[PDB]
Amino acid sequence: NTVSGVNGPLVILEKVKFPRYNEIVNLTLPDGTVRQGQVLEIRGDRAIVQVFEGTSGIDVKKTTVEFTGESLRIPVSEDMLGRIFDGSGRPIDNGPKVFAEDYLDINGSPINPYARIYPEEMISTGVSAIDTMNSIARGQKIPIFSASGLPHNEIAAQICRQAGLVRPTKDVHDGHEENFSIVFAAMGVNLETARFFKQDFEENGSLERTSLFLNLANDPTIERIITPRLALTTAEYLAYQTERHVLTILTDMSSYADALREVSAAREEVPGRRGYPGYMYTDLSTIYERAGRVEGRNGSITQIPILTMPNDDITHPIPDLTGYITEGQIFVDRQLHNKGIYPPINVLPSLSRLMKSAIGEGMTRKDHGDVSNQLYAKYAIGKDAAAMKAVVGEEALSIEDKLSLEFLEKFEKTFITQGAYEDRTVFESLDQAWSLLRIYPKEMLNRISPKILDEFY
Amino acid sequence: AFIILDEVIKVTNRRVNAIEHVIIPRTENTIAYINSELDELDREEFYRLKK
Amino acid sequence: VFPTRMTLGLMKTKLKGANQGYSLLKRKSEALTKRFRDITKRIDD
Amino acid sequence: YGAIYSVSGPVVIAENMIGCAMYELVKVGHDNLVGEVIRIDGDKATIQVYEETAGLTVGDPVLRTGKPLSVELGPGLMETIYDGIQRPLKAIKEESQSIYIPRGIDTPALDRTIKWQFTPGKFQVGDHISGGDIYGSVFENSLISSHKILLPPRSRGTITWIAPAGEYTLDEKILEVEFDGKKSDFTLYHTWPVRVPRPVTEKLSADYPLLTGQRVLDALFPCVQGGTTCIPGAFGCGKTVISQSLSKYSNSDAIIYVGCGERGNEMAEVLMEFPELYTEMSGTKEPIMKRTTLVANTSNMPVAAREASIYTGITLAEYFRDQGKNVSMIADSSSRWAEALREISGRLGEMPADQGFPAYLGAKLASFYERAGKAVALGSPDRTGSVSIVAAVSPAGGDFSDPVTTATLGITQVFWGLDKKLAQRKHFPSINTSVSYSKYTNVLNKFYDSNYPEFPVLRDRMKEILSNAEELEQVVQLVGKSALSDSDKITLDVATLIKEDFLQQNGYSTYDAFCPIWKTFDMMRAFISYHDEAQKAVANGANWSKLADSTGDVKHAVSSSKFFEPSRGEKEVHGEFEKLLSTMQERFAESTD
Amino acid sequence: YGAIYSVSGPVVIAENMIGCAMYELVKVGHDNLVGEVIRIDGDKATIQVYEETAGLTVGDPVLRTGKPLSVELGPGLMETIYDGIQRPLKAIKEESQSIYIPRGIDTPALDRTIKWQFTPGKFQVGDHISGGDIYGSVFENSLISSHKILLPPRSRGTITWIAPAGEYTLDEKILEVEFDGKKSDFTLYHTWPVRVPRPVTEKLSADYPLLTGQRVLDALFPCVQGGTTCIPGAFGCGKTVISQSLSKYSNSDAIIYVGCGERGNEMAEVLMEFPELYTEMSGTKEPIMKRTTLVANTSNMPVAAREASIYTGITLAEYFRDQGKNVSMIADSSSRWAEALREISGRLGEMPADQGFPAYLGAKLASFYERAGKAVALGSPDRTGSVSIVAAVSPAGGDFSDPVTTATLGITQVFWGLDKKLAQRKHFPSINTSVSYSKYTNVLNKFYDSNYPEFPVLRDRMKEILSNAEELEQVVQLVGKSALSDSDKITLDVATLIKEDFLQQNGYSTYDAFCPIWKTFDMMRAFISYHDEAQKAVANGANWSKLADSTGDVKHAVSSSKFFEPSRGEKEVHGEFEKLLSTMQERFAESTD
Amino acid sequence: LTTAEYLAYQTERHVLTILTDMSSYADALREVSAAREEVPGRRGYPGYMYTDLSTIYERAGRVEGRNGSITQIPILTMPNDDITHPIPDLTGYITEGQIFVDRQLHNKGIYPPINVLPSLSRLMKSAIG
Amino acid sequence: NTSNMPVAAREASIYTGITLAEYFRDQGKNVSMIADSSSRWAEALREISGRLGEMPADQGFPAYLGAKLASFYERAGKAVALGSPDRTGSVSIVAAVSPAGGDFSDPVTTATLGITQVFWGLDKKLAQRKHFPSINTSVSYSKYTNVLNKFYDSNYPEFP
């Protein structure tokens, strides 16, 4: 029909009642430009659409509507790596075209087949603090919690690039037997960021390794929400049909959450805690549910979402929600970054509750998990002692505390300090970790089972 | 007197550290977190009345 | 953890207390260190 | 029958409804999605459709089933996995080639494929029967009949026809009831709306031991059979971990696990782990699972399944209690259930309360807990059962004042904590005594004293030690360890040891092994003994250093004791714990003079 | 055309508005006030009218301008003071006897009295010409590159009429273009809606700095064109100074100054001062003002102009980027642009997010940052130009934890921490090495190493030395400076020279606050050679007192380094530094032995 | 309370009525009126919450002609553990003093665990026999 | 009026009292208006605001609150009696005020401190140790001081 009105990202159509929910419609501007949207609400003889593309210039009887008569599905192909796409279901970059062999829905249940069997295969990042203290699995979800003084993009790229070199070393070990694929999606970040990422992937290896979805900040909030959904379709097909392990790097996850926030402000929808939607739980879930092993059980989708915290607080709604849902927490610290530690990952609150699922034992040691717990415990004591060193001085602290202050310093500067291309095998990391444990005496290492301490020291 | 001064300085060095490192960020975190929750109750009400 | 109503009144006066107290403890330390340097020299003599 | 007027978000408005009950189950559209009637405005009934909608047309058909969202209670609930909207998940895998629910599937409530062996009751022809009576029984497990076939509540009469011993299917008739002619036939399953609690004979006092098998609960604040519990905490809290332990060790004859909107990998883990691991009272083929039924739901899976989870599960529990079983129901988390409501209040356009969660929250939680407790089973044989509810919640960023946690705490009588600092050092779950209480503690100690342990006397000193430890720690921080007295040093050490050896359930070889109330008691005898003898010693003149280095071996032994399997002399008193008692005695004396 | 339905506040709704776009410029009433349609409900268009809707009865006519609200891009920008939606303030002073624009007074965006000399390009009639290709140019400057006239972006065709060389007015046509009949006429300016980003050939990352001419910017963490940067606010006792100095000392081709919503004391100061001050590269004709184009809004100006302020400035910056020029956008302050959003929201009835600031805030900032950056300019022979945004973000809650600051820093890659105590004492600029960072460091340091400086070695070392000095200063307070080695004392001695010369610069003198990028590198060279040599010499047998007497003359020179002239033979190689190096090596043999 | 008025006034009984738990009453007030014209006050708790309260306090007090009395001891649970919250706050203005419990004693193990510093009755001197 | 009476009455209570004070002021009598507590009166306006179906914008208290609290208070003062015979009357309002938002920076307390000229304090913590009224010097001010102290100097006290 024709546009009735427009109030923000919501468009009021006066139409007829034949449309179905999320059925595509195309808005024909008087310029003769077509932009796409999907109906968010349908009522009798009228619709509310949210348009992906644009949010202004929308007329009345000079404008027209046309129905596509297909509710939105993403055209998925398995020849997607190396190929350049834009976050809009097609490239607007003029990159190699998407093609379709299935079109798969982004609602969060197309044909979805996931974990009835939990991850047991270890996948390494080449970084000790990640791998040893928390571990990463063939379905693991780990949030990178970052800040406005940390460089989020440099760490994001760091984890991805080094996990591509380690992952074939692990294929030979028989941790794997199937392909590796990267799906990189950037949604609504700066130009400066976008360019940087592509440059990073090229240096380490190639861009044949990865598939790229690029979405620009100048493009709307409505576009931004569809951008990860496009990533999900890509990854699920690859795992399902061609038994490939898929690694998704989703940047920026915070970018996506602010978008949700905008479609409740310029909607009449009342928001929940701290101005973030009440139905914010469901929006976030959609990304995280579509993870784990994929049917055949040689395919998988593994997630590393990248969150930048704006206030850097742990009372902000985004970091909290994400944490309950995700299988691990990786906290990256501004204070380490300042001191000259790269990567500057603080493990004080990094925790996995699904620690068993995260570790490996058939392509990693059984001792891996036992040592990690002890290390974490001994790091924590070393932090309690650090605060006490400032207050009390060395004028009353105990013999035991002194060992813990030394351990803390040796631990930051050796374990967490690694070259920009220097990759550590998980077995070598144990040897490093054992050096860290070795200064404490056999009565301070009392919590650990006697069997392990007498065996390996 | 000199032995007496040495004993007192140690209590005094301890306090100067103690205030800065513990007390001041404990006050900051409590005040700001309660401020933020308190304003939220008030704002949502306005939105519900309006709706 | 803590009240969500009028923690601001007790907390505000604490915060001020702390920074005010800190400044003051620094002057008392400065005086104690001031005398200390002097007596160390006088005692060796 | 009805015709869709509008779909605005997951909310659908359909005209041509002359009726419909509250929360009536419908199949909406040609797709046949789940719904319930929340409200009616005019002739147009607003029905929320809670299975994901990306393609429902206006003027699609609306079919009323004619009764509310309900559950089947009948044979083959055990070792059979279901959703919160009672669809068998296994049935879906085979048919659909969609391991999880895809958009638009309609699979019946039970398995009508598995024949079951029916034997007749003490009620033969011409005998009166009434709801909740044992009309018969069905063999389900290798050791016991799980599902006692009950006449449903709100049915009555005399039995004209009793089917004989043999195999039958679920939809075939097996019972005929006389009261105003053929009142109806009955089938093996019976139905019940899940917003109605099941009626009991009487509720009975809660004062009987509930052994959850975890050292840390037994030591500090045990639960009771009939219990209600709140547990907070936020990721790295060990809640999945304590569920798995809880299912293995649990003395209850049924455990019902409720996944409210879980990772999916978490559900995949617990499912695999029950048949991989062995039970403590023995279990032949899928050992732990024989006692376990799963209601599992993931984070984006239907909002109805997630909302109904606590009611589907509590109804199951009440039915097992009417059967005469002791039930331990674990729900994890009620907070994820609370998000389902936050979402419901926005969509409908009803006004919510604080934090954008509605005000009806408080009633709905309270209703769930009150149906729990220990009771005398409804039905003529008469038995004793319990439903002891352990309900997990999550703080909003360290804020325990969020409506969900405060509400649950309102209703509970037992509170068990969770401390973030202590989890970082790996001590989860982390329960102290300034974030936790139990009203059952007083009666519970009286019952344990009887059974053998000295527990009440040791419990009081144990509480004190922790309570003083916290306060003494604040002085170490600020003033330094230079303001302490020697007895206060003692309180600090014993405390650090307690923190590790009960609260930590983290491995170092193997995740820790079944520790009973008896085991837990021995640990307490050794820690409390250490503290008394040491303080005497310092009081009476002696070095701190001499005393701590000397305890040494004994400390390593208690740490690792829990990894070793129970019984090492006996369960009651181990030889390993018995011997330390002598060592302390020998040390105390060397020290004094 | 439309008829006014309601005037409720400054919001006016009008009926009978068809083919009304959603950014449509409209003129309300008989008076012709400026307004723009934010929303449309039905037949009725909801307009925010920026000027007083006093005297406007219901029934006045509403006349569409027939196109969105646009800004004009073309000759005669420089040396003009403008509104937030580009309206010459200067022209109102001539006519009205007013500084400001009062209600019912609108005028065109570019002056039509002024005529400029149009010179044709390299294309003639019958040539096909494409979007952005250089059709001609205007020359009216001699100090900087002028206004090179492009064919309007997203416009193609064959040129029917190319006007020959001669003076034409801005209003008057100089082009007709053949593209499906007569495409339209075009004029010397082009209109572009400002809430749409201007295209360029492609955008690139930044890599290319230019003369900042303030030593501290280059030295502590380099200043780059095509950058994203946060500078703290101060409300005109510190904010004003750094802004005035950045405009004056930076010899970037253009500078576009935007005052979003300022005190009015600051607006008053920037306009009077620009012709008065001298260029730092030579030339008269109102020195700095000739390079400057100003958008100057006090908070008193209409709220849509305050919101619009940055958008119009950014389009301006983007236009000059296609000519191939390096631009500094100096915007002050985003907190004040943000304040406008908050106001406009409450008037509409929009529900905001945290602290009363909308949710349009975070996406509008992200969109804004990306328009700014480095790009290869559009137009056939291609050049490189840049747009560098330095945006101040002031207090908006009395802290920097408010939504505007916290959002921006995140997208931003650079923070420069002004120091209040030093600022109140009138050292400008005085950037703190503790709070500050640049994530541009790496790529840039490699760029200067290419060009000729030893820059990576010196910058990194500059930072370490100062960080190290805070930590050694604490050892002097508590233990004493006398028990510490000569080496440590030296680490501090050098840090004090680095602090005095660079950081404590006075923007009230030009032999103390203007030196080229090479000159700034030569000074820093001088201090580093001394640090190493001083530590080397004390190790081989020297003392702090001995060292100080011995270095003498070179130490005095380095102290006196800032007072020296921008040249000595060249402004790129300062001969006095190159010879200083020799005097240092000769001094080190003498001192050490 | 109506039943208490019958006994106190007609047959001259001293009535002690215990009304537990006022928190459940307060909650009920919030949930209703989410679908009437009347629309809740401060933090989603009714502004007319005070009117409700006052209807309970109405049938309490001394009775005319001195046939009997009704004395009332309500039990309120502070849900956030602060008295600056609505349930203690409105109720406290009506009431003639308050007796507030103690969290700290409880942990120690004391019973009854109240404290005396926040507890004050103003009409103490004049009331007593 | 007790709380138990109709909120319509409680709303009116204060008005009845000030008109009686004012009549008596006009009689040429000196009158004490003693009111306890205005916050309960404010709570009464709030009970009516939710029932009528108004829009509060002051923490659940009506927007109208500020104009009604002020208008009422301005009726007290010393004045020359209404009428020809000429007499002097006064109404002194001694008003208790109390929290109502639970804060001390809630609207009720904000409006009242602005309109008043005299404030004498009271602290709850010191009051418990039993020393009521336990005046806070810092929150206390008086505008009346100069004219009143001049008067007292004439009366004999060296007070000031």
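To keep things simple, chains are lettered A, B, C, D, E, F and G as they appear, and every chain counts its residues starting from 1.
The rule is simple: contacts are C-beta pairs under 8 Å (C-beta built on N, C-alpha and C of every residue); 3 or more make two chains touch, one makes a residue touch a chain.
Undergrad: Considering only chains that satisfy the touch condition with chain B, which of them also satisfy it with chain D?
TA: A, C, F
Undergrad: Just to be sure I understand: the centre of a chain is the mean of its C-alpha atoms, right? Then which chain's centre is nearest the mean of all of them?
TA: Closest chain centre to the overall C-alpha centroid: A.
Undergrad: Pick the pair with more C-beta contacts: C-D or F-G?
TA: F-G
Undergrad: Which integer distance in Å separates the CA centroid of chain E from that of chain G?
TA: 56
Undergrad: So, what's the distance in Å between the C-alpha centres of chain E and chain B?
TA: Using C-alpha averages as centres, the distance is 38 Å.
Undergrad: Any idea how many Å lie between the Cα centroids of chain C and chain G?
TA: Chain centres of chain C and chain G, defined by C-alpha means, are spaced 43 Å apart.
Undergrad: Mind checking the centre-to-centre distance between chain D and chain F? Centres are C-alpha means, answer in whole Å.
TA: Chain centres of chain D and chain F, defined by C-alpha means, are spaced 36 Å apart.
Undergrad: Listing for chain G: what residues touch at least two other chains?
TA: Answer for chain G, listing residues that touch two or more other chains: 56, 59-60, 102-103.
Undergrad: Enumerate the residues of chain C that touch no fewer than two other chains.
TA: Correct list: 3-6, 8.
Undergrad: Scan chain A for residues touching two or more other chains and write them down.
TA: Residues 268, 270-271, 273-275, 315, 387, 391-393, 395 of chain A touch two or more partner chains.
Undergrad: What are the touching chain pairs in this one?
TA: A-B, A-D, A-E, B-C, B-D, B-E, B-F, B-G, C-D, C-F, C-G, D-F, F-G
Undergrad: Mind pulling up the chain E residues that touch chain A in the complex?
TA: Within the complex, chain E contacts chain A at residues 17-23, 39-42, 68, 195, 197, 203-206, 228, 350-354, 358-360, 362-363, 366-367, 369-371, 373, 401, 403, 406-407, 409-413, 415, 437, 439.
Undergrad: For chain G, which residues count as touching chain C in their complex?
TA: Those in contact with chain C are residues 102-105.
Undergrad: Where on chain C does chain G make contact in their complex?
TA: Chain C residues touching chain G: 5-6, 8-9.
Undergrad: In the complex, go through chain F and note every residue touching chain B.
TA: 39, 42-44
Undergrad: With touch defined as at the start, can you tell me which chain B residues reach chain E in the complex?
TA: It comes out as residues 13, 32, 39, 43, 47, 50.
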